[PDB]
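1. Task: produce atomic coordinates for the following.
(chains A, B, C, D, E, F, G, H, I and J)
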Amino acid sequence: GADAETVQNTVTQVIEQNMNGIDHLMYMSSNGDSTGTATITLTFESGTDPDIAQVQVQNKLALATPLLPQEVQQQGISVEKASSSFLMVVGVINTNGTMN
Amino acid sequence: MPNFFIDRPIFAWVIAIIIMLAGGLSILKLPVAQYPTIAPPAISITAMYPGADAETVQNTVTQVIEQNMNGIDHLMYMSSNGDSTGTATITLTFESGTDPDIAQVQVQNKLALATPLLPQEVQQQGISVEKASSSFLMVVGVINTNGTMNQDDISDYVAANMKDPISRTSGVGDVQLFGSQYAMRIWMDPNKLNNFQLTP
Amino acid sequence: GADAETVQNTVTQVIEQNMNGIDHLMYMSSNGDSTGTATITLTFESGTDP
Amino acid sequence: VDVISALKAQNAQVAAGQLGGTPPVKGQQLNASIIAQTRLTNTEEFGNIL
Amino acid sequence: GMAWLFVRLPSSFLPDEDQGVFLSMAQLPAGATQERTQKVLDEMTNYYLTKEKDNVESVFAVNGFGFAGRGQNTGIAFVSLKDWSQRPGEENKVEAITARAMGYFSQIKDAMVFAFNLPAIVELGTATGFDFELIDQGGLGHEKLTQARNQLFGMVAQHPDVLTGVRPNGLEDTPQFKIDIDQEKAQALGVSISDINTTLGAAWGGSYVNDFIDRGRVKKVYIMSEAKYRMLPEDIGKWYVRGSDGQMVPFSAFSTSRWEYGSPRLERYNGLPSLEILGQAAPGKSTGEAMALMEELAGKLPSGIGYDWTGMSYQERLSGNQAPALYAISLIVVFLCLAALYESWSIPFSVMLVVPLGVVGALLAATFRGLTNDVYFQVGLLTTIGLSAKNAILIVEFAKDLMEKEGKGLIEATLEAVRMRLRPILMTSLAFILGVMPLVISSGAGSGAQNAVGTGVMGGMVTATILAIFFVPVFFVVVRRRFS
Amino acid sequence: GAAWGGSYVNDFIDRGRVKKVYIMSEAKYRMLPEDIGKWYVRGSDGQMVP
Amino acid sequence: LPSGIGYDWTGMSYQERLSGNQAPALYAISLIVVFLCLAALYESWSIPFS
Amino acid sequence: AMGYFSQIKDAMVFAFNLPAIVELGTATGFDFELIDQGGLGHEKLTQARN
Amino acid sequence: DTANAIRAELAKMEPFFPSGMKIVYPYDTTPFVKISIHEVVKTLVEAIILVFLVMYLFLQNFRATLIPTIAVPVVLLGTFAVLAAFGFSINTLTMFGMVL
Amino acid sequence: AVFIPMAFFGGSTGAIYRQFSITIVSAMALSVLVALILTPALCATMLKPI
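-> Numbers count the residues shown, from 1 in each chain, chains lettered A, B, ... in the order given. Sure, the structure comes next:
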């Protein structure tokens, strides 16, 4: 339910103020929209081990988590070392047309 | 072999020139430093017990954490300190040549094992596992030549505009601000509170 | 002081649903018993770094 | 429930700050941390809880 | 003589350098306030900028922050010197500058002020010298441990010829203000314990309530009492808490106060309570001598009080312990390579009998220049092993060939080899000697390391040339006669 | 918040799986600015105040 | 743009700025090394030019 | 598709093909972040963008 | 490298400073590193010059003395190539090794 | 000498060129190894006298 301003000022700034000390960090971008979702993306230099980068980012996020609103924590913060483009889309269709 | 190059001087010259060319190209790309990576890696574990004396910190958090930390691979020695402010810092120094990333991962695993035994108060604060150093590489100070801004204004400007980009610069392990960010300070007056029958 | 059904529905299902994104995972199994303990075991591939 | 409430309230930690803490008054000369630990250790202190 | 010199050569890890900067610290007595620390820091800055104005470029004093231990009674200052060009002579170097500073800083009478040079491995430690760790191995307790430390300083002060600037790396026991909350009286007055704790904490230590947006940036919100109500034990009574009846009741009604003395920063080393001690060797003494004296002194402490070295001292002890192995393994490897190459056991033995000739020269070079047995010297010793073996090869290999290919006699072949191979030996030897000559006579920024690298191996070359050019024929002739 | 943005109260078990429970205003009552006045909050005295 | 308004390049724009076009230097090195190899092959400094 | 969509559709419709390397976008494209260094605010930043 | 990156970042920050603000550098160990490297390289070239004179003293012929001097750049540059291959860096220790 | 230097391209594209460089260099090395030992053996046996 939070708008863009609330999302930023209560989640994104709080998290990104603790995103320091990580190694091989090229640049960091983050955005929060009206649907209530905050998305912080940290790009690393080529050749950086994704597992170690995720570990360090997770450590900083664990430091910054208790300052976040309870609702945000209950919804579940997720950290993913994934690409940007979709590898594949697996659509599901009901041929009978009975289901919705 | 020497006779072969005695009869063929241009071959020897070519070999030497190729070696020299490779050397120059390597010089162009080679990094420069005072010393190589000599110091043993260190991992720091920082936990806070708000409003706990030094004696309480040692007994409640540091002793528990140290007990579990024993047994990590390539551990050289440990050290600890519990401040009156409640902060507990466990520094683990590993044998030289150890990969610091794997060391940090193992330290995090052991800390996760030892966390439930800790007081709930220190669990709420969040424990930090970070690669540690001992000495400052550089100190960059900021002054206002006009003599217009006190230390608070300079420190707040630094904390708001310079600390983070430097903190995220490549190779910057840690940045300490010799000042303090601005904060909305509310300075209460017990006489007025009592007069209005209010409490903090 | 929780039964098997309580332990499952309140701990094990949640943890299993949020165990996504780990690498080289072969299978996971879990259980909950009358004592109140939920034990979730994740088994990884042979070459995985523990 | 009342027993739980009393037990939760009884033991805690107080961040009591310091005497002469920063920012200090001009001329201050003594800075001592304040310790107010109303903690219960043995059985009788727990039994004595109101 | 080589053995005698090697035994008597003092040891150290890495030479100190003049890096253009040095540190300083101030440790006011326990319970000191921020203002008293600031006065001491101002005195230090004034000294730096007036008595050393020609050498000191700028001073950056940081009150309330220390290298080990953070408190109102501590402070540090980063001192940056002028450019090396602007500071000529030995008097204008970090060693002499800090020596002059300590002379003034030892008369402060208000604090313990120290100025020290940076360690060679800046990542390893914060200061040059050693890192002693007094350890309570017998569970004696904190009070005994500080008593043991005080006795150790009493012993140390009796040897100012070796140890200098020996200081603790922690915070002494400080007075503490204890407030006894008589909960039953609070219940009688109808005041919640949570209210008491919240009021006291927010009043005297501040409370981080929540955040606020300042020019678009998330900043904290704190509440704390005004300063003048937060200074004296009397100020406890000024703070009122509301009872359930709605009547304000002072803190004096349900609480009492008392003074105690407890440590503000407790330390543990390898799971045992410990006190860290920092210090330096006196001028004209090496770190090894200081460490040996520290171990000897710690021996005389009461039982149950152990000790250990950490950081730079740990690495230095490790180097000292591993050296002999390195030497033995290097000698064995060289011997095996010689045996494989020349297909003999006599030839390698005769060659290896030359290594002492180079080693004694390396030791004499360090002894004359007053250098120590650093890691660089160890590297040099290995280089001298190589060089002496090289000269022995240049003679023996040519001598061996004549005995086989031309079938000459033992003495005749040796004389011919010594005559013909004299000039190449001198050429290579002088080439190496003048090669490391710039290191030896260097005096600049990195002169400390360059002298250590060059001095040891240079004299080794001169003796592996002068002595070996005469002794190698003896070794070759004697060994061949016995066919050993 | 619960009326106009939906609130996630707790979980429930659906055909063996743990699924969330949400409360929200019915669509027709949170569509226009005028729909604000339809919502009432109960005071201390027990009276509904718009 | 008015005071206080900075800028920066991200993504591909960022990646292009750091990457320098070393191709002419690399090709020059390749030509030189090929000439040297040819000189070694023919035992002549002139024949390679052909 | 772009010809059909852009001419008719009231909204901005973009049919496009992913590049060979997804990260490296259009060869001529660029990403230009306009950063508010001085803490001016969203309104002033938008004015600067305009 | 980190010192240079920090200085570049400070250079980027400087235009947005309010009037009168100034960045000072009251403490920095990088100048010592640069001067020490310069000193060791000066020592190296002095060593090369001194070695040339020693051989020329015995050989007493420029062309004859030039032959061993040619062996210096080839060996040194080969050493630099080897250092690059195995990931070593140009530090005072490698420079001391080359001087020896 | 023609194909090795393109391996040392800098930047993001450095790996792209390194793939071609390594592939072609390895292919040429194997080719000359085969022509040195494999093919001459085949020529002696397979080729009927002409």
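
2. In three-state terms, label whichever residue of chain A sits closest to chain J for me.
-> Going by C-beta to the nearest C-beta, chain J is nearest to residue A:46 of chain A, at 6.6 Å. In short, each C-beta sits where N, CA and C put it, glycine included. Three-state call for residue A:46 (DSSP: H, G, I helix; E, B strand; the rest coil): coil.

3. Equivalent analysis for residue E:166, please.
-> Reduced to three states by three-state DSSP, residue E:166 is strand.

4. what number of residues lie near it?
-> As a burial measure, residue E:166 scores 21 neighbours (other C-beta atoms under 10 Å in any protein chain shown).

5. hang on, it packs against residue E:276?
-> No - using C-beta atoms under 8 Å as the test, residue E:166 is too far from residue E:276 to be in contact (11.7 Å).

6. Up against chain B, what does chain A have?
-> With C-beta under 8 Å from any C-beta of the partner chain as the criterion, chain A meets chain B at residues A:17, A:19-25, A:28, A:45, A:49, A:52, A:55-56, A:59, A:62-63, A:65-66.

7. now those residues: which count as buried?
-> A:17, A:19-25, A:28, A:52, A:55-56, A:59, A:62-63, A:65 (16 or more other C-beta atoms under 10 Å in any protein chain shown).

8. now, which of the residues you listed lie within helices?
-> Members of those lying in helices (criterion: DSSP state H): A:52, A:55, A:56, A:59, A:62, A:63.

9. need the strands for chain I, in chain order.
-> Assigned by DSSP state E, chain I shows strands spanning I:21-28.

10. quick one: secondary structure of residue E:219?
-> strand.

11. For it, give me its contacts.
-> Residue E:219 makes contact with B:181, B:182, B:183, B:184, E:211, E:212, E:213 under the criterion C-beta atoms under 8 Å, 6 or more residues apart in numbering or on different chains.

12. State whether the fifth one is indeed within a helix.
-> If I follow you right, that is residue E:211. No - under three-state DSSP, residue E:211 sits outside any helix and is assigned strand.

13. So it sits against residue E:222, correct?
-> No - using C-beta under 8 Å, residue E:211 makes no contact with residue E:222, being 10.8 Å away.

14. if you count what's nearby, which of these two comes out ahead?
-> Neighbour totals were compared for residue E:211 and residue E:222, and residue E:211 leads with 18 against 15 (other C-beta under 10 Å).

15. Pick out the residue of chain J closest to chain B.
-> Minimum separation of chain J from chain B (C-beta to the nearest C-beta) falls at residue J:8, amounting to 8.1 Å.

16. what does chain J have sitting close to chain G?
-> Proximity of chain J to chain G is confined to J:1, J:2, J:4, J:5, J:6, J:8, J:9, J:10, J:11, J:12, J:13 under the rule C-beta under 8 Å from any C-beta.

17. Top of those residues by number of neighbours, please.
-> Neighbour counts for the residues of chain J next to chain G, by other C-beta under 10 Å, peak at residue J:5, which reaches 23 neighbours.

18. Quick check: that one vs residue G:34, distance?
-> Going from residue J:5 to residue G:34 by C-beta to C-beta, to the nearest Å gives 10 Å.

19. next one: residue E:385
-> Distance, residue E:385 to residue G:34, by C-beta to C-beta: 44 Å.

20. Skip the chain neighbours and tell me the closest residue to residue 10.
-> With no chain named, the answer covers chain A. residue A:69 (5.8 Å; C-beta to C-beta, 6 or more residues apart in numbering or on different chains).

21. Please refer instead to chain J.
-> Leaving aside its sequence neighbours, residue J:10 sits nearest to residue G:22 (C-beta to C-beta, 6+ apart; 5.3 Å).

22. from what I can see residue E:93 touches residue E:18, true?
-> Yes - using C-beta under 8 Å, residue E:93 is in contact with residue E:18, at 4.9 Å.

23. Give me the more crowded residue out of the two.
-> Each of residue E:93 and residue E:18 has its neighbours counted (other C-beta under 10 Å); residue E:18 has more, 24 against 20.

24. give me the beta-bridge partners of residue E:224?
-> On the basis of DSSP bridges, residue E:224 is bridged to residue B:187.

25. Tell me how far it lies from residue E:420.
-> Residue E:224 is 91 Å from residue E:420, by C-beta to C-beta.

26. same question, residue E:39
-> 78 Å.

27. just to revisit the earlier point, could you find the closest non-adjacent residue to the residue of chain J closest to chain B?
-> residue G:26 (6.7 Å).

28. what's around the one residue in chain D that gets nearest to chain E, how many residues?
-> Closest to chain E within chain D is residue D:17: 2.4 Å, counting by C-beta to the nearest C-beta. Residues near residue D:17, counting by other C-beta under 10 Å, number 22.

29. for the residue nearest in space to the middle of chain A, what are its contacts?
-> Centroid-nearest residue in chain A, with C-alpha atoms, centre = their mean: residue A:39, separated by 4.4 Å. When contacts are counted by C-beta under 8 Å, 6+ apart, residue A:39 touches A:30, A:31, A:32.

30. Residue E:133 too?
-> Residue E:133 is in contact with E:269, E:274, E:275, E:276, E:277, E:307, E:308, E:309, E:310, counting by C-beta under 8 Å, 6+ apart.

31. The last one and chain J, how far apart?
-> Pointing back at residue E:310 there. 43 Å (C-beta to the nearest C-beta, to the nearest Å).

32. Residue E:131 is in contact with that residue, correct?
-> Yes - with contact defined as C-beta under 8 Å, residue E:310 counts as touching residue E:131 (4.8 Å).

33. shared neighbours, the two?
-> What both residue E:310 and residue E:131 touch, as defined by C-beta under 8 Å, 6+ apart, is the set residue E:276.

34. What residues sit buried inside the helix or strand containing residue E:459?
-> Using DSSP states H and E, residue E:459 sits in helix E:447-466. Of all the residues in helix E:447-466, those buried under the rule 16+ other C-beta under 10 Å are E:447-465.

35. and what of stretch E:76-86?
-> By neighbour count on 16+ other C-beta under 10 Å, the buried set for stretch E:76-86 is E:76, E:77, E:78, E:79, E:80, E:81, E:82, E:84.

36. just checking, the third one touches residue I:24?
-> The one in question is residue E:78. No - Residue E:78 is beyond contact range of residue I:24, at 11.2 Å (criterion: C-beta under 8 Å).

37. Can you pull the phi/psi pair for the residue in chain E positioned nearest to chain J?
-> Going by C-beta to the nearest C-beta, chain J is nearest to residue E:123 of chain E, at 29.8 Å. Per-residue torsions, residue E:123: phi -70, psi -30 (degrees, to the nearest 10).
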